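Structure file upload-v5.cif (mmCIF, C-alpha atoms) is printed below.
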data_coords
loop_
_atom_site.label_atom_id
_atom_site.label_comp_id
_atom_site.auth_asym_id
_atom_site.auth_seq_id
_atom_site.Cartn_x
_atom_site.Cartn_y
_atom_site.Cartn_z
CA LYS Y 1 -23.60 7.94 -35.06
CA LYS Y 2 -19.90 8.00 -34.04
CA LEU Y 3 -18.12 8.43 -30.70
CA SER Y 4 -16.41 11.50 -32.23
CA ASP Y 5 -19.80 13.16 -32.84
CA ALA Y 6 -20.54 12.82 -29.16
CA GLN Y 7 -17.13 14.19 -28.10
CA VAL Y 8 -17.52 17.21 -30.38
CA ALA Y 9 -21.05 17.97 -29.11
CA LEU Y 10 -19.88 18.11 -25.47
CA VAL Y 11 -17.07 20.52 -26.33
CA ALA Y 12 -19.32 22.62 -28.53
CA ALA Y 13 -21.58 22.91 -25.50
CA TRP Y 14 -19.11 24.39 -23.04
CA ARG Y 15 -17.50 26.46 -25.79
CA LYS Y 16 -20.85 28.15 -26.35
CA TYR Y 17 -21.79 28.16 -22.64
CA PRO Y 18 -18.68 28.07 -20.38
CA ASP Y 19 -20.74 27.53 -17.21
CA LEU Y 20 -21.30 23.98 -18.49
CA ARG Y 21 -17.61 23.10 -18.71
CA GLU Y 22 -16.90 21.56 -15.30
CA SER Y 23 -20.05 19.46 -15.58
CA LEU Y 24 -19.64 18.47 -19.25
CA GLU Y 25 -15.90 17.77 -18.99
CA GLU Y 26 -17.00 15.43 -16.21
CA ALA Y 27 -19.44 13.70 -18.57
CA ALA Y 28 -16.71 13.50 -21.25
CA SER Y 29 -14.41 11.91 -18.69
CA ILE Y 30 -16.98 9.20 -17.91
CA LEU Y 31 -17.67 8.49 -21.60
CA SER Y 32 -13.89 8.18 -22.04
CA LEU Y 33 -13.65 5.77 -19.08
CA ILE Y 34 -16.55 3.67 -20.41
CA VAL Y 35 -15.00 3.39 -23.88
CA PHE Y 36 -11.67 2.41 -22.32
CA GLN Y 37 -13.19 -0.34 -20.12
CA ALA Y 38 -15.26 -1.66 -23.01
CA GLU Y 39 -12.18 -1.89 -25.27
CA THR Y 40 -10.20 -3.53 -22.49
CA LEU Y 41 -12.82 -6.26 -22.11
CA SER Y 42 -13.28 -6.61 -25.89
CA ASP Y 43 -9.54 -7.23 -26.36
CA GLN Y 44 -9.62 -9.84 -23.57
CA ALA Y 45 -12.61 -11.49 -25.27
CA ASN Y 46 -10.77 -11.50 -28.56
CA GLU Y 47 -7.80 -13.19 -26.87
CA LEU Y 48 -10.14 -15.81 -25.38
CA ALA Y 49 -11.61 -16.44 -28.84
CA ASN Y 50 -8.11 -16.83 -30.32
CA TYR Y 51 -7.40 -19.46 -27.64
CA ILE Y 52 -10.59 -21.34 -28.56
CA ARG Y 53 -9.79 -21.38 -32.26
CA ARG Y 54 -6.10 -22.24 -31.84
CA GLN Y 55 -7.08 -25.20 -29.66
CA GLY Y 56 -9.55 -26.57 -32.22
CA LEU Y 57 -12.50 -26.06 -29.88
CA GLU Y 58 -15.03 -25.82 -32.75
CA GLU Y 59 -18.00 -26.22 -30.38
CA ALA Y 60 -17.51 -22.56 -29.41
CA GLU Y 61 -16.92 -21.20 -32.92
CA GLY Y 62 -20.37 -19.58 -33.15
CA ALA Y 63 -19.64 -17.47 -30.06
CA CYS Y 64 -16.26 -16.57 -31.53
CA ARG Y 65 -17.89 -15.42 -34.80
CA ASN Y 66 -20.31 -13.40 -32.65
CA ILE Y 67 -17.39 -11.74 -30.89
CA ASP Y 68 -15.81 -10.89 -34.28
CA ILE Y 69 -19.08 -9.37 -35.44
CA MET Y 70 -19.48 -7.34 -32.25
CA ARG Y 71 -15.92 -5.98 -32.53
CA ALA Y 72 -16.48 -4.88 -36.13
CA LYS Y 73 -19.73 -3.09 -35.15
CA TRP Y 74 -17.88 -1.36 -32.29
CA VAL Y 75 -15.11 -0.10 -34.57
CA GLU Y 76 -17.75 1.39 -36.89
CA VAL Y 77 -19.09 3.47 -33.98
CA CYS Y 78 -15.86 4.12 -32.09
CA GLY Y 79 -13.02 3.56 -34.54
CA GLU Y 80 -9.71 2.15 -33.34
CA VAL Y 81 -6.65 3.48 -31.51
CA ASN Y 82 -3.60 3.20 -33.79
CA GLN Y 83 0.03 2.46 -32.94
CA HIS Y 84 0.65 6.14 -32.14
CA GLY Y 85 -2.17 6.34 -29.59
CA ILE Y 86 -4.54 8.14 -31.96
CA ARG Y 87 -8.17 7.07 -32.38
CA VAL Y 88 -8.92 6.79 -36.13
CA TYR Y 89 -11.94 5.63 -38.19
CA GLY Y 90 -12.69 3.92 -41.50
CA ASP Y 91 -9.92 3.65 -44.08
CA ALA Y 92 -7.55 5.53 -41.79
CA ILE Y 93 -7.48 2.32 -39.74
CA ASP Y 94 -5.99 -0.06 -42.34
CA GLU W 1 -18.14 8.02 -7.83
CA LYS W 2 -17.68 8.13 -11.62
CA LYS W 3 -21.10 6.92 -12.82
CA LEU W 4 -22.84 6.60 -16.18
CA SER W 5 -25.99 8.09 -14.59
CA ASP W 6 -23.88 11.13 -13.66
CA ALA W 7 -22.87 11.57 -17.28
CA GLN W 8 -26.44 11.07 -18.53
CA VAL W 9 -28.01 13.81 -16.36
CA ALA W 10 -25.17 16.25 -17.10
CA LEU W 11 -26.38 16.15 -20.70
CA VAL W 12 -30.07 16.51 -19.72
CA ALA W 13 -29.34 19.43 -17.36
CA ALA W 14 -27.45 21.12 -20.16
CA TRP W 15 -30.30 21.14 -22.68
CA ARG W 16 -32.78 21.86 -19.86
CA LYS W 17 -30.86 25.05 -19.14
CA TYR W 18 -30.13 25.80 -22.82
CA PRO W 19 -32.75 24.28 -25.16
CA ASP W 20 -30.71 25.20 -28.24
CA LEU W 21 -28.38 22.39 -27.11
CA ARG W 22 -31.03 19.67 -27.08
CA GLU W 23 -30.56 18.44 -30.63
CA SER W 24 -26.82 17.91 -30.37
CA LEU W 25 -26.59 16.78 -26.73
CA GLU W 26 -29.52 14.35 -27.03
CA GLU W 27 -27.73 12.95 -30.06
CA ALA W 28 -24.70 12.65 -27.79
CA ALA W 29 -26.80 10.95 -25.13
CA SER W 30 -28.04 8.48 -27.76
CA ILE W 31 -24.48 7.63 -28.76
CA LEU W 32 -23.47 7.11 -25.13
CA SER W 33 -26.48 4.78 -24.77
CA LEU W 34 -25.57 2.84 -27.91
CA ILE W 35 -22.00 2.46 -26.70
CA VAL W 36 -23.14 1.07 -23.34
CA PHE W 37 -25.52 -1.38 -25.00
CA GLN W 38 -22.93 -2.62 -27.52
CA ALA W 39 -20.36 -3.04 -24.76
CA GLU W 40 -22.85 -4.96 -22.61
CA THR W 41 -23.79 -7.18 -25.56
CA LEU W 42 -20.10 -8.10 -26.06
CA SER W 43 -19.55 -8.47 -22.32
CA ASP W 44 -22.43 -10.98 -21.96
CA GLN W 45 -21.10 -12.93 -24.94
CA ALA W 46 -17.66 -12.96 -23.33
CA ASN W 47 -19.22 -14.16 -20.10
CA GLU W 48 -20.90 -17.12 -21.84
CA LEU W 49 -17.61 -17.98 -23.55
CA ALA W 50 -15.93 -18.02 -20.11
CA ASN W 51 -18.86 -20.09 -18.88
CA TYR W 52 -18.25 -22.62 -21.65
CA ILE W 53 -14.51 -22.70 -20.83
CA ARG W 54 -15.17 -23.39 -17.17
CA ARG W 55 -17.74 -26.10 -17.85
CA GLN W 56 -15.10 -27.86 -19.96
CA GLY W 57 -12.76 -27.39 -17.00
CA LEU W 58 -10.08 -25.88 -19.22
CA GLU W 59 -7.48 -24.44 -16.86
CA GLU W 60 -5.32 -23.05 -19.64
CA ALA W 61 -7.74 -20.13 -20.02
CA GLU W 62 -8.92 -19.76 -16.42
CA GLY W 63 -6.73 -16.66 -16.13
CA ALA W 64 -8.56 -14.97 -19.00
CA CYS W 65 -11.90 -15.98 -17.42
CA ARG W 66 -10.98 -14.37 -14.09
CA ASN W 67 -9.92 -11.26 -16.03
CA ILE W 68 -13.37 -11.21 -17.66
CA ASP W 69 -15.03 -11.40 -14.20
CA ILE W 70 -12.80 -8.61 -12.94
CA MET W 71 -13.66 -6.42 -15.92
CA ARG W 72 -17.39 -7.12 -15.63
CA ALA W 73 -17.31 -6.20 -11.94
CA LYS W 74 -15.43 -2.90 -12.65
CA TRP W 75 -17.95 -2.10 -15.39
CA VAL W 76 -20.89 -2.51 -13.03
CA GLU W 77 -19.17 0.01 -10.71
CA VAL W 78 -19.35 2.62 -13.47
CA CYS W 79 -22.44 1.67 -15.44
CA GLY W 80 -24.52 -0.24 -12.97
CA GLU W 81 -26.62 -3.19 -13.89
CA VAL W 82 -30.09 -3.61 -15.38
CA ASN W 83 -32.36 -5.53 -13.00
CA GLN W 84 -35.24 -7.84 -13.93
CA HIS W 85 -37.66 -4.90 -14.30
CA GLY W 86 -35.53 -3.01 -16.80
CA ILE W 87 -34.17 -0.53 -14.27
CA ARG W 88 -30.48 0.32 -14.43
CA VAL W 89 -29.42 0.18 -10.77
CA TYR W 90 -26.09 1.05 -9.17
CA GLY W 91 -24.41 -0.88 -6.33
CA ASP W 92 -25.40 0.11 -2.82
#

Would you write out, as structure tokens, the structure that this file holds?
Amino acid sequence: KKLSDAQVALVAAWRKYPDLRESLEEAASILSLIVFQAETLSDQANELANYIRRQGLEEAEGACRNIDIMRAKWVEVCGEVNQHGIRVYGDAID
Amino acid sequence: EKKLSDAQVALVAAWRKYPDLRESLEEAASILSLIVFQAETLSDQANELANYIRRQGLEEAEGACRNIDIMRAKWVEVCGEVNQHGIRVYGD
């Protein structure tokens, strides 16, 4: 149920069967790209929600709470990249 | 060129060819699916927030809104778009 489980399964695959490497490293590359684009948009959405709240635009606060909730759910599945460029999960996040 | 559907069938072809892989790689496929769905849920929410901003005519955040549009369009290049009949379809 974590992004890391998926990463490890791909690698385990072409470790065990090397003929799958080119293909599965391709799949890993796409999963990596998808996670990156998602986190890019999520950060932008978070910045938009900060704008809303800082401006006192309470009419949109529900959608902002939704965004908060969606980000927290995402981090559970995918963790968070720390200051050193390392993706970490749970209490390792702080 | 880099497409979600490409990733998804790479997994299926793998366990097709080596059934001992099905448990782990189908789990992997399920996680990739869940990631796409969660991202698309947030994206749609972000879109409606930009929609609200633009209906208020708030120019201060128009830049962020146009960034959202740019990101949603790049996403559809990779992951396609679900049409009204539930079929994920990729730009032609």

Please expand the PyMOL selection byres ((chain W) within 8 of (chain Y)) into the concrete residues it hits in this file, giving the result as a ChimeraX atom specification. /W:2-4,6-8,10-11,14,21,24-25,27-29,31-32,35-36,38-39,41-43,45-46,49,52,61,64,67-68,71-72,75,78-79

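Picture a line from CA of residue 47 in chain W to CA of residue 83 in chain Y; it runs 28.5 Å.
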
Correct to one decimal, the distance CA of residue 55 in chain W-CA of residue 85 in chain W is 29.3 Å
